[PDB]
Structure formats: C-alpha cells, structure tokens
Amino acid sequence: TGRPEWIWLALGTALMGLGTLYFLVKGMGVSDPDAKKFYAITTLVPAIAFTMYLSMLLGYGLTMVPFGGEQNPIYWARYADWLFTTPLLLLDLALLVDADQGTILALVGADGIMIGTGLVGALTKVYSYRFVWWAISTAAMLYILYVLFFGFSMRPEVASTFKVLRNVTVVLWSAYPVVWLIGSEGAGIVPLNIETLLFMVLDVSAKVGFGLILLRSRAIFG
Amino acid sequence: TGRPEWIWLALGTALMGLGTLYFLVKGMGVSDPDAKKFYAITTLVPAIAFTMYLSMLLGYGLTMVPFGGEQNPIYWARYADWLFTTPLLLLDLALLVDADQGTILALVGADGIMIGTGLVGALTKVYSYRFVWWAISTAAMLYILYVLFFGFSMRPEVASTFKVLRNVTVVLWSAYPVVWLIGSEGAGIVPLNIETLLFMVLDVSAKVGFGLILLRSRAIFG
Amino acid sequence: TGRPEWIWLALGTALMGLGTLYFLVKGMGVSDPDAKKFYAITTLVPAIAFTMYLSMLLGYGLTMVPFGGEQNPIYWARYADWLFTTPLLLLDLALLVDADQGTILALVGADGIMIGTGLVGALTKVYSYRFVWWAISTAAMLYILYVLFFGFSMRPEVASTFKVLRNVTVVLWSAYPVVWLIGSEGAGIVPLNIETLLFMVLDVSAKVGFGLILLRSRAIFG
Ligand SMILES: CC(C)CCCCCCCCCCCC[C@H](C)CCCCCCCC(C)C
Ligand SMILES: CC(C)CCCCCCCCCCCC[C@H](C)CCCCCCCC(C)C
Ligand SMILES: CC(C)CCCCCCCCCCCC[C@H](C)CCCCCCCC(C)C
Ligand SMILES: *C/C=C(C)/C=C/C=C(C)/C=C/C1=C(C)CCCC1(C)C
Ligand SMILES: *C/C=C(C)/C=C/C=C(C)/C=C/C1=C(C)CCCC1(C)C
Ligand SMILES: *C/C=C(C)/C=C/C=C(C)/C=C/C1=C(C)CCCC1(C)C
C-alpha cells in the first residue's frame, strides 16, 4: 500500500504462512506423544504469527500514539503475537530439558511481564517513560536468558539440540530490545520501514528457523 | 429495551444462569477426582456465558463498527465468552478420551486462533477483509473438527459418550460460521435480532445441552 | 503529582518492588522442585503488582468513566494485576494441600469470573448496573472462600501453614468488595486517595505479607 513497510509485512505473512503449512504437513503421522508436543507447540507459533502479520498488513494491528508531539504509528499487534508465541518458544526449550514446573512458571511469567511491559511502553504517551518500560522489560528478558543458561543427565541428543536452540534464542531475542530502542517505538533513529524489516527477519528466524532446527532433531522423540 | 434482540439476550442470560446453578448443585458431593474435573469444566462454561450474555443484555458488550459506510452494532462480548468457553468444551472432550498433551495444545491453540481471528473479523472496518478473517477462522475450526474425528482402548462407556458429544459438537459448532456469514457481522442478510436468536439457541445447546449429556454419563467417573 | 493518591501508588510500587527482589534473592539456591514452584509463584505475584502499581503511578493505568453524570477516575490497571495475581495466590494454596485438578480449575475459573466482572463493573456507565456486577463478582468470591474452607492426611506442617494462609486470605480478600463498594468505583463515600491507600495496604499484605508467611515455612519443601 501507501505504507512503505507493507512489503515486509507481506513477506512476513507469506513466510509465516508457509512455515505453518510446512510444519503442519511435516508433523502428519507423528504418533510419539513427546514428539506430538513439540510439533503442536512449534506449528502453533508461526500460525499465530501469520495471523498477526496479516493483521498488520491489512492495517488492523496498527494504532497512532501521540508522544513527542507527533502521531506515531505503533504496530500493537506484534505484542499480541509475542504474548503467546514467546512463552510457547520457551515451553519448547523447557520440555526439551524436562524442566521443573517451578522453572517453567518462572519463565512463562517473566515472559508475560516482558511482553506486557513492552506493550505498555509502546502505548505510553509520555516519551521519557517509554524507556522506563523498556528497561523493566529488558530486565525480564535478562532474567529469562539467565535461567536458560544457569538454571538447567539429559540424553546427549537432548543436550546438543538444546545448546543450539539456546544459543539461537539468546542471540535473536537479545536483538529485539535494541531494534525497539532505535526504532519508531523508542528513539526514532531508524525509520519504521527499516524497523519492520528487522523485526521480520528476527521473527522468521526465531520462529521458522528455530522450528526447522528443532523438528529436524531426534531430540524430540522418546 | 429498544433493542429488539433484548428478549433473546434476556432468555439466554436466564438459561445460562439456570444451567450454571443446576450443574453447580448437581456436582455437590462428587468426590471422584476425575468426575470433579468434568464438573468444574462443565459448570464454568455456562457461568462464563451467563456473564457475557448479561453484559450484552445491559449493553456493555456491544460496540459500533463502521463498515459498508454504516454504524454496525457488533456484540464483541460473544468473543470474550467463546475465547474461554470453547477451549473448555474441547478440554471436556479431550479428557474423556485421555488425549495426549500435544493434541490438547494443538486443539486449544487452534481454538484461540479461531476465536481471535473471528474477533478481528468482527471489528475490521474494511468490509471485504472481514471475510478474509472469517475464512481463516473457519479453517481453524475445520482443523479442530478434523482432529476430533481422525486424531483419536477407551472403556466402551467413554467411547459411547464421546461419540455422541463429538457429533453434537460438529453439528453445532459448524453452524456458527454460517450464522456469522449471513448475519450482521458478515453479509447482513439476516437481521441482528434473528442472528441473536440463532446464537442463543446454539449457545444454550452447545453449553447446557452438551453438559447435560456429559454430566449424566458414567463416562466421567474413574 | 497533582493526584493526591500518588503517594500511595509510589509507596506500593516501592514495596512491591522490594518484596519482589527479596523473594527473588531468597529463592536463590532452592533446588527442591516443590519449593521451586512456591518460589516461582510467590515471586511472580509482587513482580506483576509492581508493574501495575507503576503503571498507575505514571498515569497509564487510569481511565475516566462517565457515570452519575461525572468523569470518574477509574484505575483499571488493578484488574490487570489481579487477573493474574489472584489465581496465582490460589495456586499457592492449592499446591500446598495437593488439591485435585478439578478443584484447581474451579478455583481459577471462579477467580477469573470475579475479576472480570469486577472490571466490567468498574467500566460500566450505568450507575445502578455497576452494583449488579459487584454482586456477581462477590458471589464468585464467596464461592472461592467456600471452597478454601469446605472442599479440602496432609503432613501436619502443611495443614498448619495452610490454615494460617487460608485465614489471611479470607480476611484480606473479603475487604476488597467493601472498599470497592464504598470507594470511587461504587458509592463514592470514601475519596479516591483514601481508597488507594486501602487497596495499597491490602495488596501489600495479601502479596508480600502472604508470601513472607509462606516462604518462611518448611511446608513448601518435599
Ligand atoms: C524446508 C525448509 C528448509 C523451510 C522452507 C519453508 C519456508 C519458510 C521459512 C524457511 C526459511 C527460513 C530459514 C531460517 C533463517 C532465516 C534467517 C530466515 C530469514 C529470512 C530472510 C529471507 C531469505 C529467504 C527466504 C524466502 C527463506
Ligand atoms: C434438568 C435439565 C433437563 C435441565 C434444565 C435446566 C435449564 C436450562 C437448560 C435446559 C434445557 C436445554 C436442553 C438442551 C437443548 C436445547 C436445544 C436448548 C435450546 C433452547 C430452546 C428453548 C426451549 C426451552 C427451554 C427453556 C429449555
Ligand atoms: C524481610 C521481610 C520481613 C520483608 C521486608 C521486605 C519489604 C517489603 C514488604 C515487607 C513488609 C510487609 C509485612 C506484611 C504486612 C503488612 C500489613 C504490610 C502493610 C504495609 C504497611 C506499611 C508498614 C511498613 C512497611 C514499609 C513494611
Ligand atoms: C516470535 C518472536 C519473538 C521470539 C520475539 C521476542 C521479543 C522479545 C524478546 C522482545 C523484547 C523486548 C524487550 C526486552 C524490551 C522492550 C521491547 C521488547 C518487547 C521488544
Ligand atoms: C459456547 C459457544 C460455542 C461452542 C461457540 C462456538 C463458536 C464457534 C465454533 C465460532 C466459529 C466462527 C468461525 C469458524 C468463523 C468466524 C466466526 C466465528 C467466530 C463465529
Ligand atoms: C493481590 C491482590 C488481591 C489478593 C486482590 C483481591 C481482589 C479481590 C478479592 C477483589 C474482589 C472484588 C469483588 C468481590 C467485588 C467486585 C470488586 C472486586 C474486584 C474488588
């Protein structure tokens, strides 16, 4: 459309759609209950992202936020996506290593706090306070990354695949607060069309790339 | 009130209230943990619907959506209801057959996608796009119905009761996308007062009728 | 600020922040899975409350509701807090006594209904109807309190600690509907600044006070 970022929302929509259908077909036939869990979780993630990319593409998931005395285009639908998809991604990791339930609840809840405070930050009209929310969200993120690294006799296959996905997760997720900070939600140093591209690349990598690694491994089978 | 559909919202409120109190009294005394689960799930469903029917009745759960250059009355509270009640209904089925957790997560998540995209569709102001959301929601519904039919040594009692509730579920749930399509959210072929009646009959049947079948069966006891 | 209630939102923010960091440090080193659960649940509760107290403090979690022909300041962020923190508090109790899953689902769902109907009540513009929602919410609360008292061979340590926390819970939670009723959401007999103080004292007691009791007990360890 007239939104220069449309192309990246259209490509992200397509790529998440295609990944969803690929993982859907792929899990057909799986009967191993353990594998079934990883397929469900991992197919749902880009399915949800598909819908929220489409909602941005069609303009539904966009709102205007006044701050710095301008009308700032804020794509709120990203936060509806991440609210569900990031705990699911963490559940994939958590099930892989057979985490304690207390650790899973710590992780999902810290994640909720991460996304929810990112959303408040995204919609806050007092510019300096936006970054207070950014910082609290970032602290939740660092708690999560901490736990993925220092809170965890897995069969070697589990350990191997977990170590790869953990490294994928730390590197990609750590980029999100930077993109937000430099983009239109934060300091406005990078234009929205380039921010939207950055988040498209991260999201497809963190969802479809991550799931391709995971669903290809024997680590998911009993 | 001045809303011709008020009578059907009032009757639905009453019928969901009465079913809630009936199942509440009925489960008094149940000590079998397995039965306790089916009572909790099944009592909660019309309790939630009661509150959302009342919110429509009092006017809180109604908003105006501009599309086709008119101010279209959209009852959004139905989606808050269904967001919680339809996965609970699926959990009842899922527990009955002792489904794998991966299958339960596939089902709840597809359901979330179904209702959430129905909600986006209901609130979308570009008329043609409303039906894009309808179609995606319908595809999620067909996934769910698929799984209820082709994804599942139950004691005979389980199998019998499941087969009945599964048939109830496919027939009633499949009617919802049609009512939406022909009613005020979609093509506007049927007036809101008749749509509201249709959804009242479906909802009471899918909640109170379904639970009467289920809670009467010995299938719910260990 | 210019909001006389700011001091109590600032103190509540600080006290919930400090309790969160205290329980965080405290649970460092716990390896007992059972204890890990109670720490996660119990650290998350004031963490969430911290964010929602800060959102009120900064003005984000405040909206104006027209009712009685005035513009009534309503802090909606309390309901986002409680929506998550009150079922977590109930989960702490429920895990302590090893409740049946059916009882946990009854409790979380009644709780959802309690907070959600409180929220509708808080945002309803027809003044008399506000108290219809109050009453339904209160009925959900009384169901919960009922179950905490009459629905439950625990090791003596469990029983002791549960009896204390149950008594803490009944007394503090029962005060919330009264504060709402007499305060700015309800009859307007007590000013918002005094209401905000009352809820600050209850919240800190029900979260940080409750968790101090719980996390100090050996009841949380296998
Ligand atoms: C059969 C497998 C390999 C997957 C094909 C399904 C299609 C959709 C997603 C697949 C590609 C993603 C690889 C993961 C990592 C990346 C960093 C993706 C970032 C996107 C950038 C654009 C590059 C081209 C693509 C169209 C694949
Ligand atoms: C004791 C049992 C039978 C239930 C009585 C509790 C009352 C409320 C619901 C009970 C009736 C519902 C039967 C399920 C199926 C139906 C298709 C219901 C659709 C509603 C249509 C109106 C018919 C009359 C009613 C008032 C029951
Ligand atoms: C190490 C322990 C004791 C806790 C210290 C962490 C700090 C924050 C919360 C601790 C205090 C709360 C006690 C629970 C009960 C109360 C009724 C709290 C209500 C608050 C009223 C203000 C009183 C002073 C306070 C600043 C503690
Ligand atoms: C599917 C997409 C994923 C994996 C997205 C991850 C998003 C985050 C890790 C976001 C983090 C943020 C912060 C740490 C700071 C505030 C802004 C956020 C929400 C972008
Ligand atoms: C308690 C009520 C129940 C069982 C409601 C079920 C609702 C659905 C199956 C709704 C389905 C829809 C679609 C498939 C298409 C878009 C519109 C919906 C949300 C009405
Ligand atoms: C962390 C805070 C807690 C424990 C808050 C508890 C809140 C309640 C028990 C609220 C109850 C309410 C009703 C029973 C009636 C309507 C108003 C409410 C939501 C304040």
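Counting neighbours? That spans all protein chains shown, and the Cβs are built from the backbone with ideal geometry, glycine included. FYI, it's all coordinate maths here, none of it is from the lab.
One line per residue, one yes/no per condition, for (1) small (G, A, S); (2) at the interface with chain B (Cβ under 10 Å from one of its Cβ atoms); (3) within 17 Å of A:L202 (Cβ to Cβ):
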site	(1), (2), (3)
A:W6	no, no, no
A:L11	no, no, yes
A:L21	no, no, no
A:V25	no, no, no
A:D32	no, yes, no
A:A35	yes, yes, no
A:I48	no, yes, yes
A:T51	no, yes, no
A:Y60	no, yes, no
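Would you confirm whether any residue within region C:96-105 is among the hydroxyl-bearing types (S, T, Y), over 26 Å from C:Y22 (Cα atoms) and in contact with a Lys or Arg (Cβ under 8 Å, 6 or more places away or on another chain)?
So in region C:96-105, the residues among the hydroxyl-bearing types (S, T, Y) come out as C:103.
In the following step, the residues that additionally are over 26 Å from C:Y22 (Cα atoms) were identified as C:103.
Next cut, in contact with a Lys or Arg (Cβ under 8 Å, 6 or more places away or on another chain) only: C:103.
Among the residues of region C:96-105, at least one is among the hydroxyl-bearing types (S, T, Y), over 26 Å from C:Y22 (Cα atoms) and in contact with a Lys or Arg (Cβ under 8 Å, 6 or more places away or on another chain), which makes the answer yes.
If C:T138 satisfies all but one of (1) more than 30 Å from C:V65 (Cβ to Cβ); (2) under 18 Å from the mean Cα position of the chain (by Cα), what's the number of the condition it fails?
Going through the list (1) more than 30 Å from C:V65 (Cβ to Cβ); (2) under 18 Å from the mean Cα position of the chain (by Cα), C:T138 breaks only (1).
Tell me which of these B:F149 doesn't satisfy, since it passes every other one: (1) touching an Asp or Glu at 6+ places or on another chain (Cβ under 7 Å); (2) under 28 Å from A:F84 (Cα atoms).
Looking at each condition in turn, B:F149 falls short on (1).
In this structure, is C:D81 at positive phi, charged (D, E, K, R) and more than 9 Å from every other protein chain (Cβ to nearest Cβ)?
Details: at positive phi: no; charged (D, E, K, R): yes; more than 9 Å from every other protein chain (Cβ to nearest Cβ): yes.
In short, no.
Quick one: what pairs do we get from region C:98-113, first residue within 10 Å of B:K37 (Cβ to Cβ), second surrounded by 21 or more Cβ atoms within 10 Å (Cβ to Cβ) and of a type in the set (S, T, Y), C-beta under 7 Å, 6+ apart or different chains?
Listed pairs, sorted by first residue: C:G102/B:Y39.
Looking at C:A122, C:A135 in this structure, which one is of a type in the set (A, V, I, L, M), more than 8 Å from every other protein chain (Cβ to nearest Cβ), in contact with a strand residue (DSSP E or B) (Cβ under 7 Å, 6 or more places away or on another chain) and more than 20 Å from B:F38 (Cβ to Cβ)? So that I can check it myself, show each step before the final result.
On the way: C:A135 fails: in contact with a strand residue (DSSP E or B) (Cβ under 7 Å, 6 or more places away or on another chain).
That would be C:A122, the only listed residue that is of a type in the set (A, V, I, L, M), more than 8 Å from every other protein chain (Cβ to nearest Cβ), in contact with a strand residue (DSSP E or B) (Cβ under 7 Å, 6 or more places away or on another chain) and more than 20 Å from B:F38 (Cβ to Cβ).
Please verify whether region A:22-36 includes one or more residues that are among the acidic types (D, E) and under 16 Å from the mean Cα position of the chain (by Cα).
The first filter runs over region A:22-36 and keeps only residues among the acidic types (D, E), leaving A:32, A:34.
Within this subset, residues satisfying the condition of being under 16 Å from the mean Cα position of the chain (by Cα) are none.
Within region A:22-36 (the criterion being among the acidic types (D, E) and under 16 Å from the mean Cα position of the chain (by Cα)), the answer is no, since none of the residues qualifies.
Can you go through A:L142, A:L89 and tell me which one is surrounded by 17 or more Cβ atoms within 10 Å (Cβ to Cβ) and away from every other protein chain (no Cβ under 11 Å)?
Numbers: A:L142 fails: surrounded by 17 or more Cβ atoms within 10 Å (Cβ to Cβ).
Only one candidate qualifies: A:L89.
Is there a residue in region B:2-18 that is more than 16 Å from ligand 4 (Cβ to nearest atom), under 15 Å from C:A106 (Cα atoms) and out of contact with any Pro (no Cβ under 6 Å at 6 or more places or on another chain)? Lay out the reasoning, then the answer.
Taking region B:2-18 first, the residues more than 16 Å from ligand 4 (Cβ to nearest atom) are B:2-18.
When the remaining residues are screened for being under 15 Å from C:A106 (Cα atoms), the result is none.
No; the residues of region B:2-18 include none that is more than 16 Å from ligand 4 (Cβ to nearest atom), under 15 Å from C:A106 (Cα atoms) and out of contact with any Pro (no Cβ under 6 Å at 6 or more places or on another chain).
Could you tell me which of the residues B:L95, B:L107 is crowded, with 22+ Cβ neighbours inside 10 Å and assigned to a helix (DSSP H, G or I)?
On the way: B:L95 fails: crowded, with 22+ Cβ neighbours inside 10 Å.
B:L107 is the lone residue from the list that is crowded, with 22+ Cβ neighbours inside 10 Å and assigned to a helix (DSSP H, G or I).
Which residues, taken from region B:38-93, are of a type in the set (G, A, S) and within 23 Å of B:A10 (Cα to Cα)? Don't jump to the end; show me each part of the working.
From region B:38-93, those of a type in the set (G, A, S) are B:40, B:47, B:49, B:55, B:59, B:61, B:68-69, B:77, B:80; that's our starting set.
B:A47, B:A49, B:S55, B:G59, B:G61, B:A77, B:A80, listed by residue number.
Condition test on B:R130, is it crowded, with 19+ Cβ neighbours inside 10 Å, more than 16 Å from ligand 6 (Cβ to nearest atom) and basic (K, R)? It would help to see each step written out before you state the result.
Values: crowded, with 19+ Cβ neighbours inside 10 Å: yes; more than 16 Å from ligand 6 (Cβ to nearest atom): yes; basic (K, R): yes.
Yes.
On the given criteria, is C:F131 in contact with a helix residue (DSSP H, G or I) (Cβ under 8 Å, 6 or more places away or on another chain) and either within 27 Å of B:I41 (Cβ to Cβ) or within 16 Å of ligand 3 (Cβ to nearest atom) (or both)?
Values: in contact with a helix residue (DSSP H, G or I) (Cβ under 8 Å, 6 or more places away or on another chain): yes; either within 27 Å of B:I41 (Cβ to Cβ) or within 16 Å of ligand 3 (Cβ to nearest atom) (or both): no.
So C:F131 fails the test.
Would you point out the residue of region A:68-92, among those that are not aromatic (F, W, Y) and not in a helix (DSSP H, G or I), that is nearest to A:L119 (Cα to Cα)?
Of all residues in region A:68-92, those not aromatic (F, W, Y) come to A:68-74, A:77-78, A:80-81, A:83, A:85-92.
Next, from what is left, pick out any that are not in a helix (DSSP H, G or I): A:68-74.
Values: A:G68: 18, A:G69: 20, A:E70: 19, A:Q71: 17, A:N72: 14, A:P73: 14, A:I74: 10 Å.
Checked region A:68-92; the qualifying residue nearest to A:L119 (Cα to Cα) is A:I74.
How many residues are surrounded by 14 or more Cβ atoms within 10 Å (Cβ to Cβ) and more than 16 Å from ligand 3 (Cβ to nearest atom) when one looks only at region C:162-175?
Residues that pass the stated criteria total 2.
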